[PDB]
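These notes are about the structure you will find just below.
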Amino acid sequence: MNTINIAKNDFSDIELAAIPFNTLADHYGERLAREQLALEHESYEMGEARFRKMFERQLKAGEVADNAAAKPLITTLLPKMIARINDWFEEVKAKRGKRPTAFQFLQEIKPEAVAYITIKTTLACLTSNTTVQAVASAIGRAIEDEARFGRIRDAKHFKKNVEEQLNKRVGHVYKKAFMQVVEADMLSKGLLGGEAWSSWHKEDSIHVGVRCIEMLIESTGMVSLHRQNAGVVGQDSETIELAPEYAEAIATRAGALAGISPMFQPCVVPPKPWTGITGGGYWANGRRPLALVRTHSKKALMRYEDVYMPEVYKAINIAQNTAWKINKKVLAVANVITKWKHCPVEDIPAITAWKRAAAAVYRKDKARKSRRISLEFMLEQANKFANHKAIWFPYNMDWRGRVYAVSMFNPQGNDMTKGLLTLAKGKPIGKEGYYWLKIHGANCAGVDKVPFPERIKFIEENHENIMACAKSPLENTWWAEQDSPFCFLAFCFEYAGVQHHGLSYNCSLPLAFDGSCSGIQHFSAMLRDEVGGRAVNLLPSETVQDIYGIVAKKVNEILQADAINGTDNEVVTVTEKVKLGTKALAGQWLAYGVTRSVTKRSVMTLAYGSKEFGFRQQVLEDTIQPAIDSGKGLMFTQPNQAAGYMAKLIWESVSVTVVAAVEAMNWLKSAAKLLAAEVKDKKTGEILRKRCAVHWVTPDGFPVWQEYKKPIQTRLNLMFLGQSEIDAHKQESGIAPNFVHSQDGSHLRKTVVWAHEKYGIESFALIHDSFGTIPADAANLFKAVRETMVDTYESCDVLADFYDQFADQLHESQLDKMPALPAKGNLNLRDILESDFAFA
Amino acid sequence: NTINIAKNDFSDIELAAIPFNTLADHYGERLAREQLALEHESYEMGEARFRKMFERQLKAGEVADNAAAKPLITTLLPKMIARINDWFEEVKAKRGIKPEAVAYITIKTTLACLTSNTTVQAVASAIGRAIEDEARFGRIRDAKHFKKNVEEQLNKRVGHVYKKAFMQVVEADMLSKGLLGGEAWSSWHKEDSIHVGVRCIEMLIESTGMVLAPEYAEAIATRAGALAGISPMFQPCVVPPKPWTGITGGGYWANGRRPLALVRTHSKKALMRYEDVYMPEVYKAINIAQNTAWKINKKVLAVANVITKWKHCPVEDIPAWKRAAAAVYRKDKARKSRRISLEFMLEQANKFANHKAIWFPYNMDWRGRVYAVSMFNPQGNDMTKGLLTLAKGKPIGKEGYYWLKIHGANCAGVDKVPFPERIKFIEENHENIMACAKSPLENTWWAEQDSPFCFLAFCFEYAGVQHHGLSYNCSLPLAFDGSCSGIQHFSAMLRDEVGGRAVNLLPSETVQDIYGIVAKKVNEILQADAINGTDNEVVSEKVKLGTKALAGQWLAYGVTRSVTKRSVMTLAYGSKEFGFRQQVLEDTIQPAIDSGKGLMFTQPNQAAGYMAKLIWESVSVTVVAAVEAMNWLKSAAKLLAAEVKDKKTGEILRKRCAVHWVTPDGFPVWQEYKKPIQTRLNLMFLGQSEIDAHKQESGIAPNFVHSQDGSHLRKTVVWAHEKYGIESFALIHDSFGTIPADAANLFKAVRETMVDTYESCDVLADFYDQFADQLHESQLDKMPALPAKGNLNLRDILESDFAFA
DNA sequence: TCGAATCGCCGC
RNA sequence: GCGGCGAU
DNA sequence: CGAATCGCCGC
RNA sequence: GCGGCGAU
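Residue numbers (PDB author numbering), protein chains in the order written: chain B, 1 to 128, 131 to 156, 159 to 355, 375 to 598, 607 to 754, 767 to 883; chain J, 2 to 97, 109 to 128, 131 to 156, 159 to 227, 246 to 354, 377 to 595, 606 to 754, 767 to 883.
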């Protein structure tokens, strides 16, 4: 209800405590220590204010039970209510006479569901008319709504196709409106048994809630009952109050939670070097200390305390030390255009389907608001730190070891954020620096599928356009028309500077180089796949290699062959419909024209574990369904048959193109499945080998543990929200994408330390496979990122090491099931050193 | 005043809510209640022990020694210490012992006076005496080289007065020499010593509120209360132990404030590392070991009960030099100490004498060696072993009777002869064994043996077989011990054939005495050394005795297995030629001088040093694998513990690193010896976070070999239980025992596990794989290579009868 | 019978 | 958890 | 200066 | 921590 302010004493400690102050002051002076500790203090202040506004809205909406401060108490009272429900039902049955008027109503709703519906609706009613009648009414109408529309949910098979559309709607009235529509539809089909719901009358609903209110006072006792003006027929009223201890418990938990949810901001001094698991980054001893590894359990964090990973610690601290500053020139442009357009680069002037169209505009209206709120935060943070000579971002890691910045405004964000951020410590650009400055500008414009010589040609041909954009960014919109506009505009400014000030010009712009498909690149390196490696530019090639265009080419080759040969159409009975043959289906697709657009997402999702089944849903939504809406797709007479046909063709094309990827992810999936199973002798039933997690260690020395854990029980209501064992399926789903991500994290970490030690590089722009530095150091970073990758996969056999980790854990029945290690290929790793387009 | 945790807290250990039916359905309610009563009582008994100890410290002003008073003192010392220097600055600013010691001496003397004259003068006068006592005596400490010699004698002295008498005598000897300065101690003015006191008191009240303040008095009390609850006197189980399914909670069934831990670790973090580890075979061994059902040998107990009332030690004295006078004092302390342990062991054995079976929970140390949890357990002294026998029995049979005879002759001490002789000794004394069994009080022959109570328990069973034939059921454990487990294990992994004969690992016609082997080699050097030796040369001026001259004395005295004996048992523990020279003097040169012999040794230390290099050289050629291994593991640990810094920069390339290895059973062990950066020691008063390089080096070789034998023991019990019917195991770290019928099968199993493990695993190479990445670029050139494999075949091990393991 | 990557921000 | 945004 | 572990008792 | 005893 009412929460005392954390801020007055406990946030005051952040600036007061001497040991955090002295440690900061010794490194960077008292005054930078003053600013940093006050800034970290404000970060905690902003975070507490964030909680208070959300709590106020949730209290107003009756959604306090949804808030985290109210979840712990509800978990305690819920069993007591349920037990009292079940006993009441048994006690009412035992007694003889007319059954109480709520008995029948309470029965169709699950005893768990009534329990939560009463607690939430009573908490909603009390925190937002305390009379028992209004709350009993409010309970009853909620019980009936779960009763009437629940019938649809459990029926179930049809509900699975209406489940998503229910979720896509926001707000109870919209959820209820949609459910009245489906109920009418399914009643017309006769699915619900043809039984139209007879609405409860008001006096019934009142009696439903009162029995619930009584039942909580006996069992739980949070609410208590009070009678006003007893014995007077006019004013005899009964009222409901919350137990103060329970209100104090949410209030204590609300305050406890507000002090541990800061809004992290950039540092005005270099971030605190990591010496251990906790307390890196920000310098204050804080209520929410940073962790080196972002984990879901304290235990998975504790495993890292013992481990000796000097190279992991060095890489994070080097990355933290990178000095950034706000690009004021970009910020000047963004401050203007943002006031005029919701998205500044969105609409530049330049020279059943209806139901699906309505869903699109609804999503578009959501997307506009969500996009703009992120924009407003980034600009405000950018304008805040604009006048600082440098700022710094702390770094930590996810549980797989990938590196992420900690502050909400960070260099790993969207274009506008990336454009608003530049490095602080620049060097004179030089001939080689100018060259990569133009290559970077070419990539920001979207000229990336072309060799470097034509990338330079594109920049130099558009010299006058680039110059005009830098001189008047508001008068020439050409930069906004580019693929990465603000980052392109950032290049335009530095390009203009080099021409004004020559090659002596000091440029501090981050020149990002990104691996084309890092997962397939890594998988191709492990098993030495030549064909896969060439497709992802691991091996030197005549031109840049587009894996989508390659797969599209192989798809089109099948289509042309399946147009001359291939099955005729046939008629199949279904519970008679025509089943289109491959010859018909090929003709439809050739009529559409299959490009890299048709195959792109399928290749991207390959590292995530997607296969032929998942491609059909991709193909339908990405190309076929938009084609029908556009008035194309007359060829797609049966859309699902076309998608399934094309998904087969994409999967065959992908698997023969990158064999190492397909084989390696299968081997890891088989490993996790065996380890995640419980081994029980069928006759005895006893479990011989328990369910086991998956663990490996990166060549960088980062350990990682995959323990996806499933909760035992869960509850779900239609209109109100729902409120450990190893999850074997998530273990198999996650093992291959997580393993390859742990490798690219090690590659990134090994790159920054190698670029820092062999070469002089001190500034790093890092987005998981994108490696950036100032132009003067661009050539060496290009060198460094290739040298690391060749070294690890010459030094280490990551899959064989992985096998050595879990081979002991395997049970004797499982060993025949385990596949062998995939065969190595003919690729030579030293060709990666001379590969122009790997970028990594 | 200490609150009684026992009232509410020892109801929590009872845990009379976790269904005792969990125990009661499987084993019966009375036994379940008794077990829960026993664990409850075990916690109560320990609390009473703490209280009696605490009171005695209270009477003697020793509360500052007690752990309950420490955590305040460590909080209050630096605030005090800061205030000492603050006045030191103020007095230095205005013209008009260590600071830590002044703080510690003030706090201890004040707390003692209040614990046991509350006047401000009386305490300051006592505090003034201690500071003056520290200054005069501390001059000897800070001189220092001679202090290193007298330090050991101060440590042997006990009681503030008795250390003072010694330091008084040494100061005279130093001064009658003149070593401390010739300046006698200048006695503090009695009014100045009270002035120093008052001054230190006044600082204490300003720095801390302790002067005693109530909050500090309840802090000792609440901590003392918590410490009485976590120190139980563990008792044997009357039901089978709870199987270990995890890191904690095994063994005893009751939920406790101090649950059992699978691995005994000094740090909670070291225990936490074992939770993630999957070691199924380690868990099996502990659970089968816990499942062994024991019974108290009543016949042994009746004999023990009477002789313990008549003799301080039942078997010590049977009717059949100033340093020496210090030793008889030690014997008087010895005679006491054994009696307290004896009386408790008798008390427990009588307490459980009527139970049809008792069980012992098990856990392990950080090296993985398996220890029984109860204070009364089968890993005790000869009388404790004799009081305990297995409950499960099988008819003895011809094979079992043979091993019963073999066990008896080992208890008699005939363990250096072949098995047919060991058999023969028994029937030669067959009439004496009967008489000992028939009337143990009338015949004292059983007490004369090397392991009398075990030999008496053998006498009872040997009589029992003769009464009822081979049909008679015997449940007595028959323990067989490897001659030297460390040398055996080291010789196997490096395939040293020469070592294997010495430890009887190879099949041999006769038992091999490794002490005899090294001694014969020493004699051979000594004989040659008389023929060729460095001449005596004179380097006051003293003549150094030539190697031939030193040989002549040693040859006149002679060298026997006993002289070499220690240097090889110490060798597994890591002792070296430097260490050897002392022990040779103490064991062989010192008793000769008391005997009147040692006339030949003109200089004892010259003989000890000359001897020392002869055992070490003879040891090195006798067991080359054991020496060659131990250097490699030590060399590794030294590199891991060292810090690598850029010589000019000092920036640390590699931190001090602990060493880690995994036993073939899968038990992991991490060796992290840690040394505090600062420590305070006072001469007259009690003494009060980096890897310790010397401890890491000193410990790695013996700790590694212990982890292997524990892995072997754990492997042996699982192998013996699964391949063979054996369900009852008597285990003492390398001694394997079972009922006589099952002995021959365990006799087989202990070989098979040892052979199978070293054929399958190269343990030292695996150890390299663990620290290989940790080694720095400078260290890799320094690191020695792995010692070479030898020509020993491990298939010979299963054939040897004398290895016993 | 079922199902068909990680991290953050905002909203409920 | 659900809805949307963004990063790889 | 620097020459095994685990218990119990005592200080 | 130091001293004594025991197990290996």
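Quick reminder that beta carbons are idealized off the backbone N, C-alpha and C, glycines included.
Let me confirm a value: residue i is counted as buried when at least 16 other C-beta atoms fall within 10 Å, else exposed. Which label applies?
i: J:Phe644; result: exposed
i: J:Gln852; result: buried
i: J:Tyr676; result: buried
i: B:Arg231; result: exposed
i: J:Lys711; result: exposed
i: B:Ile355; result: exposed
i: B:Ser12; result: exposed
i: B:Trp459; result: buried
With 8 Å set as the bound, which would you pick, yes or no: does the beta-carbon of residue i sit closer than that to a beta-carbon of chain B?
i: residue 157 of chain J; result: It's not possible to place residue 157 of chain J here, given that chain J moves directly from 156 to 159.
i: J:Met306; result: yes
Comparing the C-beta of residue i with each C-beta of chain J, is any distance below 8 Å?
i: B:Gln852; result: yes
i: B:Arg379; result: no
If you drop the 5 nearest sequence neighbours on each side, which residues of the same chain put their C-beta closer than 7 Å to that of residue i?
i: B:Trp682; result: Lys642, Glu643, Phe646
i: B:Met219; result: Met81, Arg84, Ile85, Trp88
i: B:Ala255; result: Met1, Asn2, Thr3
i: J:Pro508; result: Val349, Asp438, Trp502
What residues of chain J sit near residue i, judged by a beta carbon separation below 9 Å?
i: B:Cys723; result: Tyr312
Spatial neighbours of residue i within its chain, please: CB distance less than 8 Å, with the 5 preceding and 5 following residues excluded, ordered by chain position.
i: B:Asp859; result: none
i: J:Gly436; result: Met401
For residue i, collect the residues of the same chain with a Cβ closer than 6 Å to its Cβ; drop the 5 residues on either side in sequence, then sort them by chain order.
i: B:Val64; result: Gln58, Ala70, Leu123, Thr127
i: B:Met190; result: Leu196
i: J:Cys515; result: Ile489, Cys492, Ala493, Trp502
What are the uninterrupted segments assigned as beta strand (DSSP E) that are 3 or more residues long and contained completely in the segment 804-840 of chain J, given in chain order? Secondary structure in the segment 804-840 of chain J: the beta strand (DSSP E) runs of 3 residues or longer, each lying completely within the stretch, are 808-810, 813-815 in chain order.
Could I get the ranges of all uninterrupted alpha helix (DSSP H) runs contained in the segment 618-661 of chain J, with 4 residues as the minimum, in chain order? Taking only runs of at least 4 residues, the alpha helix (DSSP H) segments lying wholly in the segment 618-661 of chain J are 627-639, 643-650, 656-661.
At 4 residues or longer, what runs of the alpha helix (DSSP H) sit wholly inside the segment 408-481 of chain B? You should have 438-443, 453-468.
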